[PDB]
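Asker: Quick one: structure below, then a few questions.
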Amino acid sequence: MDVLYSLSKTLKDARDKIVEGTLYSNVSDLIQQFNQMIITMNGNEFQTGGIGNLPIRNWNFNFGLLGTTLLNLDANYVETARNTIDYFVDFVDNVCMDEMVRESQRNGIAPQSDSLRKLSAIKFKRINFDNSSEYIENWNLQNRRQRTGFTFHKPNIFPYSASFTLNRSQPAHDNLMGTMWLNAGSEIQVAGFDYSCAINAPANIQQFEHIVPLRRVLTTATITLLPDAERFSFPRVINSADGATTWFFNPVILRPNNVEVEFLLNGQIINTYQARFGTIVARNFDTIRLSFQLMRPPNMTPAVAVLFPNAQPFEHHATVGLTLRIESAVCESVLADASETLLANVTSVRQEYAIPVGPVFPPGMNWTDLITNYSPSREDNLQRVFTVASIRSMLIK
Amino acid sequence: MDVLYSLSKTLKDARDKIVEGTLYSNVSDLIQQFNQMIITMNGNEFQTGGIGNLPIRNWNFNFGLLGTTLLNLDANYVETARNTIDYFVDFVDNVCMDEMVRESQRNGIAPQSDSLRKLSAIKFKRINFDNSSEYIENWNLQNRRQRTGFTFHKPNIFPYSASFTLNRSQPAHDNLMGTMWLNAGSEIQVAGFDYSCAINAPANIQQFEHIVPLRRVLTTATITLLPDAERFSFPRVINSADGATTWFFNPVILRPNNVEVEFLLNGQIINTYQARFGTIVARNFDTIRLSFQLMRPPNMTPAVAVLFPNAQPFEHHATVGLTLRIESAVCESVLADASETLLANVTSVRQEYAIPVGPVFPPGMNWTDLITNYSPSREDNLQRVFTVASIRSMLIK
Amino acid sequence: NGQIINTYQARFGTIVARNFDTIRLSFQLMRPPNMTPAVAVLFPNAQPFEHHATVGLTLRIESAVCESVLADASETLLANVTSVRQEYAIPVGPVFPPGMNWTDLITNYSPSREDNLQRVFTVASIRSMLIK
Amino acid sequence: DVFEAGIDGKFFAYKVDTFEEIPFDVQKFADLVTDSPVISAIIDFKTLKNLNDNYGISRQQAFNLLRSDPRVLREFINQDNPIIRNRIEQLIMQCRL
Amino acid sequence: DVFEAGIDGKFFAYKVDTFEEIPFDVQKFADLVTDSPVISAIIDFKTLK
Amino acid sequence: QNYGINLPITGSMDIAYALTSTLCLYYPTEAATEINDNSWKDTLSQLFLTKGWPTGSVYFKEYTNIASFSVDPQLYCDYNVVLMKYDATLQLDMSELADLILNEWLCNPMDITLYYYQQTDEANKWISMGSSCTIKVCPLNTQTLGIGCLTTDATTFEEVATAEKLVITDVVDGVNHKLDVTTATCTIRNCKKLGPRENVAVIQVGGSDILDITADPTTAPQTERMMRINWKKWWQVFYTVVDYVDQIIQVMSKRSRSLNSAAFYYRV
Amino acid sequence: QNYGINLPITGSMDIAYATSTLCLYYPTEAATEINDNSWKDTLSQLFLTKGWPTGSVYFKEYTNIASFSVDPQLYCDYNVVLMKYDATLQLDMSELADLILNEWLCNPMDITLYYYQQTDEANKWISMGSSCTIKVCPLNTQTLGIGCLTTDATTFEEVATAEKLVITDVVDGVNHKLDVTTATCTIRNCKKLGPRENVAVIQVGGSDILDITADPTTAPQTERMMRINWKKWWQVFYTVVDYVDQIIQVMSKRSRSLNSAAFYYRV
Ligand SMILES: [Ca+2]
Ligand SMILES: [Ca+2]
Ligand SMILES: [Ca+2]
Ligand SMILES: [Ca+2]
Ligand SMILES: [Ca+2]
Ligand SMILES: [Ca+2]
Ligand SMILES: [Zn+2]
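For the record, the sequence lines run as chains g, f, d, B, A, G and F.
Start counting the first sequence at 1; every next residue gets the next number (the deposited numbering).
Start counting the second sequence at 1; every next residue gets the next number (the deposited numbering).
Start counting the third sequence at 266; every next residue gets the next number (the deposited numbering).
Start counting the fourth sequence at 680; every next residue gets the next number (the deposited numbering).
Start counting the fifth sequence at 680; every next residue gets the next number (the deposited numbering).
Numbered per the deposited numbering, the sixth sequence spans residues 51 to 68, 77 to 326.
Numbered per the deposited numbering, the seventh sequence spans residues 51 to 68, 78 to 326.
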């Protein structure tokens, strides 16, 4: 993997730096690296593809070195370099695709394609150059057995869920108390509703809880907490828990009372925020617990009081909600966020070449299933394929 | 860690090999190792302790090399060697305790004590000797990111949990169906009980299931499976689920039929045993699923017909049980077990020196809490402290 | 030595006792305050008690460290010494009880018994190094 | 030196710094009790020993607990220390009537 | 550290040695007032400074 | 199977889930007299069969008057539809009947010759039914002495009903009362309004919508099961009911109390 | 909707956890012997000591077991019925005890048109009225009587005569024609659901004679069936008041039904 990254990095640097008119002092080191790569790759034979519709390709390297004696590069030098660069880039592209399209239930972190297995050999260690990208450096740190971290903007850490729980319920669904929620991507919207507006509750306060556990620990997370669940603030016709019938939800929104948001690690409160909305920081957590109360307004103007009678007919249902968005975070394990395109690259390659479903990943690289059942083998394979995707994206666009 | 282990191993081999009268050909290599240890440690100052009640101690090494001109060791040689070895062993003991009493959320495996940080420098690599013991071997393997394995006799893999789940009940708790279980250490005892003895059940068969997910993947485990849970076969008075009242349990044991024990890995059935008792083998699993049925006896003698009526009053409650013990297993992670004293040593040191509760481990090294939330940071810290505890146990009796 | 070293209150599962010579277990039978009819039939107010309330505890020493030699489940030195004495019909001596009865030995583990027992255990281990 | 004794006939003597027992001098206990104001051992010796072993409380916290300081007691209760909460619940339940 | 608060609505936080204002924290203030002994600010923070 | 407890029910908001009952129709004798056909019940049964109700599932119950029907209106039937004829002078009687048959009431006995009674909550009423109820109440101060009335003498009591077949008395909550019901003919119970009864619907055949089934003066809810029609022919009324039986049943629902999951929750 | 009856409850085996109405049914004999105008007030005061607030204890009087068996009503959360033993009324006592102590689900039984059969051991025919006379004629598979002409009721095999309450059990799986005297009797097809903890029976006098199961091989003596030796009704009432705690503890009020009827009616 380090050799493959070095190949892609060398080719990208050759594309960027070997340009007409540039001083050779600008690319002396790069050309030494390029010649070393050519020497090491010469005389070796590689095969790629053969899975799905990915064609079987054979690669042979018999290239000549690059000049090192001009003062300023000219057009001839640029074309001579580009001819070799095209072939090397194609080889790297196909090796990366072959590695992406594959998976293994045991030792998913190790190379899976025969080309990458060959590059794992000691003879190719002369191609290492630089390891400065985020994914390659995290790879090297993990191998060295040190702390790793990927920084995500809107990490898709919540498996897609949209559901409700009814604590009080009847067949007619005329008088309900409970909660509804959507956990999607990097956002949690929760809304506790009570049809009676806590008329008969002790102290006219109804308590609501919502616990969202994560599949991986998030560190140094910036979060936005806002006091209304805009998704659960309009009339709705939902289908019963067992699907038999449908019930009505005509919410009227009240302020959430006694809002507590706790970020827990190993079941212990690491961070806790009370009645505080806006930007908050969770330093280290794997569970989010949101507690909030519907408190019946002790004082009501007539227009308000008419909404909440003390008898069964309830046309307006008192709802109080919270919205929590993870803007940024750091995680030890790879995830899918809104800024990176690695998941898109892997899924696109697999779909384009019609890879049969393997023994590890879910069909279509479904991120919801993957993050729902994020297992050790899945994490290893996902990190491997994402690292290869970053290596490939260095060259292909 | 490797240097600390090497110091301990050199000192142990000195205390056992360097004995009066022994040929110098028996200890020539060991004495070379000992002299290099002395040379490398000479002129270095170390400080240990300073946390809790662990005293701050200072260590200075200025020692002479053991002689090499003798063909046989005599009393004086052993005396001088013992005089040096005592001080070295005291230093090793204090370093090990200082390392064991410390934790870190980030980089749990990295050295935490000042002495071990100093030993991690490159000048001390000269004293490395042979890493033969199980724990140092696994330490090096995980440092290189290989497959580790610890062999446990009765691994302490299940957190303590004694509970019951009711599938049929009433306010009077006089006609109940459900399961009761104790998971403890390496033993699962589960008993399904039905008060009606499947008089009205379809086919007179009541199904019971019990799913025990392990926090780590065990491999090549020998398991004893016996057809009765002795723990749930006597009369009991049990708190109700909410705790408001208490209910009566008056078991009468029948044989469990259609016993199916399935060992699963990532939701995939790896091993399955039907109506099989005694020694069975689970090669690789992280979940245990026990299925067993209570079947109403088709033919009853009068003393059994009296027991099992069709009217409501159910004096005797049919019960079918299973016991499942993990005699031995292999795990890639580190666990407390019945044969090793590493957890006991770590807990003893912490309790003896009143180490303040840290950010990683639960108070008092509570194994229930550790295993219940066995996060990767906890695993790293636990492996480090167990390795240090084994190193200490090499010397301290 | 009669001084509290470790104490655990209402904690089960695996516990650690760093250094001890006596165990004191204390536990209470609390009459339930609330009882369903089946439970209430069991415990009347009057003498004819048919069902007798009981509360239990099970404490098992999984592993330990001692400065004195002891018989344990894993080692076979006690078995070796007893087997040799039985096989060769050694007359009962002045130190160990008849037949190397471990119950008597550990009920009256006198220092002379400890010295002789360590001697015989060491010799038995030395013998087992060679003889299978 | 802390000398503790209860109506149930259980008596202990330990050290303020490290809650390690020492021999209990009944004569010295009587002499100190006659004059010095006695402290209600709300957190008894067993509870303090368990707390120190499994949590390593600070010197100031141990001082305050020995003196039976409400501030430290309530701090532990709110911090959700199972040992302190169990001792306090035991006292509340023993307040039967 | 000293947390002072009045009925009128003026609240200050400062240090005992040198009376330098510190940002007030009304969660710590609530905890301290509920547990620790309360001092009547006969000489308020204004006059102290 | 876990009866008597309240376990939270969890369901999904993003999943698609792609006759046996019995109907009872209560009508006044005026309807039958006007129809003046012996086989009219059979004809309606056949039309209900056309609409999808197996023969023998539609029962036709006849009551002489609203006043007579108010005396213990026992409706044991999966669905009940009561066609009540509006009368301008019986608005309170109609409201009382509608409340009684449209809400669920948990009632306890009342021995007014041994106990004083107070209503503890807005949902607690005194429901009295019988041939002739004459309720006369005396509120008592904290000394058990009548307020505006004499505890010893009933003639000073304040009357809140006179020869009522059915009446739902609501007195000021929290104050003890001494009652002088005419128990020789009418029985009074201390009832609490659990909630709506989904089994029953009432169709007012006549004047405007005047029913209010809430003691609270600030609210007069008009639920789904309170319907109203104009009429000049009982045949037309019955044809409307038959034709729109599906809508009526959809407005109604099976009785929550009699569902086999209400065991230990005040039924089954 | 269903109170989550389909879901499970998980409880732990270690965690420490630590205005109801009372009806007293009694015979008129008791009131006559007591011979006091305010004995109900006295017993109310005494119950107040055991903790039942004034207005929570009600006293119902029934002339006889026979009359009380005609559609008995259960009014309170806890219904305690004092039954006077009479050696000539053992089956009547058993039938009344079965009806009140056990929950029943009954359906209408139009006998002038339809043949009926008992389905399982839990099904019976419960008839109540001023005078219930029941004659049953079993039928073979051909719908012809077995030992009785279908047309002539005089050949029918009598099962009850002028009875206030009858719990008839016939052979299951065989049709019957019943010539039940519907003028003064109502007969319903019932099924026994389970125990009713709301009601307890206290038998004064006698020798413990109550079979509340149709099965002859079983005569269960539940905890709600009690017996006391008696010679003064004041002594009986003082016993009940003094030991109301034990009786309530043995009972359970969750079986309180919405209606006072002894059975659930389904059309
Ligand atoms: Ca009226
Ligand atoms: Ca008046
Ligand atoms: Ca009122
Ligand atoms: Ca005949
Ligand atoms: Ca009878
Ligand atoms: Ca039968
Ligand atoms: Zn953005």
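Heads up, the beta-carbon is just placed ideally off N, CA and C, and yes, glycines get one too.
(1) Whose Cβ in chain G lies nearer than 9 Å to the Cβ of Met-394/g?
(2) Does any residue of chain g have a CB that is nearer than 8 Å to the CB of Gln-105/f?
(3) Would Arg-296/f be called buried (16 or more neighbouring beta carbons within 10 Å of its own) or exposed?
(4) When the Cα atoms are used, what is the spatial distance from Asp-114/g to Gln-47/g?
(5) Measure the CB-CB distance between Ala-156/G and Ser-190/G and report whether it falls below 8 Å.
(6) Go through its chain and collect everything with a Cβ distance to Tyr-323/F's Cβ below 6 Å, but skip five positions before and after it.
(7) By Cβ distance below 6 Å, which residues in the same chain neighbour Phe-193/f in space, the five residues on each side in sequence not counted?
(8) Should the region 267–283 of chain g be called in touch with the region 300–317 of chain g, which here means at least 3 C-beta pairs below 8 Å?
(9) Taking CB distances under 8 Å as the criterion, tell me whether residue 71/G reaches chain f.
(10) For chain F, check one thing: does any of its Cβ atoms lie closer than 8 Å to the Cβ of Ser-163/g?
(11) Give me the DSSP bridge partner(s) of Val-139/F.
(12) Measuring only between beta-carbons, confirm whether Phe-296/G sits less than 8 Å from chain f.
(13) Using a strict less-than 6 Å threshold between each residue's beta carbon and the heavy atoms of ligand 4, what residues do you get?
(14) With a threshold of 8 Å on Cβ separation, who are the neighbours of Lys-109/F within its own chain once the five nearest residues in sequence on each side are excluded?
(15) Can at least three beta-carbon pairs, one atom from the region 270–277 of chain d and one from the region 725–734 of chain B, be found at a separation below 8 Å?
(16) Determine the contact status of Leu-752/B and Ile-718/B, defining contact as a CB-CB distance below 8 Å.
(17) Please name the residue, chosen from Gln-351/d, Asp-380/d, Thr-387/d, that lies closest to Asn-366/d on a Cα-to-Cα basis.
(18) Are the Cβ atoms of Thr-246/g and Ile-253/g separated by less than 8 Å?
(19) Using a beta-carbon distance cut-off of less than 8 Å, what residues from the region 697–716 of chain A approach chain B?
(20) If you count every other CB in all the chains shown that lies within 10 Å of the CB of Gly-232/F, and 16 or more means buried, which is it?
(21) Can you pull the DSSP bridge partners for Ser-328/f?
(22) Using the Cα positions of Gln-176/F and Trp-98/F, report the straight-line distance between them to the nearest angstrom.
(23) So the candidates are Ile-93/F, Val-309/F, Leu-133/F, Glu-88/F; which of them puts its Cα closest to the Cα of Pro-309/d?
(24) For chain G, check one thing: does any of its Cβ atoms lie closer than 8 Å to the Cβ of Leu-166/f?
(25) Name, please, each residue of chain d whose Cβ falls closer than 8 Å to the Cβ of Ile-763/B.
(26) Check whether the Cβ of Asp-174/g lies closer than 8 Å to any Cβ atom in chain G.
(27) Between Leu-160/F and ligand 5, is the CB less than 7 Å from at least one heavy atom?
(28) At a Cβ threshold of 8 Å, is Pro-58/G touching chain F?
(29) Whose C-beta lies closer than 8 Å to the C-beta of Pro-235/f among residues of the same chain, with five residues either side of it excluded?
(30) Using CA atoms only, rank isn't needed, just tell me which of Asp-286/d, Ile-396/d, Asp-369/d, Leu-395/d is closest to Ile-326/d.
(31) Mind checking who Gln-206/f pairs with in its DSSP beta bridge?
(32) What are the start and end residues of each continuous alpha helix (DSSP H) run of 4 or more residues lying completely inside the region 228–312 of chain G, in chain order?
(33) How far does the beta strand (DSSP E) with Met-177/g in it reach, from first residue to last?
(34) Counting C-beta neighbours from all protein chains within 10 Å, is the total for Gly-321/f 16 or more, i.e. buried, or is it exposed?
(35) Could you say which of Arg-15/g, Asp-337/g, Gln-112/g lies nearest to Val-388/g if we only look at CA atoms?
(36) Determine the DSSP secondary structure at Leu-265/f, reduced to helix, strand or coil.
Answerer: Working from what's here:
(1) Under the 9 Å cutoff, chain G gives no residues; its nearest Cβ is about 38 Å from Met-394/g.
(2) yes
(3) buried
(4) 7 Å
(5) no
(6) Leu-164
(7) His-317, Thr-319
(8) no
(9) In the structure shown, chain G runs from 68 directly to 77, leaving residue 71/G without coordinates.
(10) no
(11) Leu-83/F, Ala-259/F
(12) no
(13) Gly-206/F, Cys-207/F, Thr-214/F, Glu-216/F
(14) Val-300, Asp-301, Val-303, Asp-304
(15) yes
(16) no
(17) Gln-351/d
(18) no
(19) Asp-714, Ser-715
(20) exposed
(21) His-153/f, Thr-222/f
(22) 49 Å
(23) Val-309/F
(24) yes
(25) Near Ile-763/B there are no residues of chain d at all, since even the closest Cβ is about 11 Å away, more than 8 Å.
(26) yes
(27) no
(28) yes
(29) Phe-248, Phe-249, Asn-250, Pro-251
(30) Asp-286/d
(31) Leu-294/f
(32) 292–301, 303–309
(33) 177–185
(34) buried
(35) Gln-112/g
(36) strand
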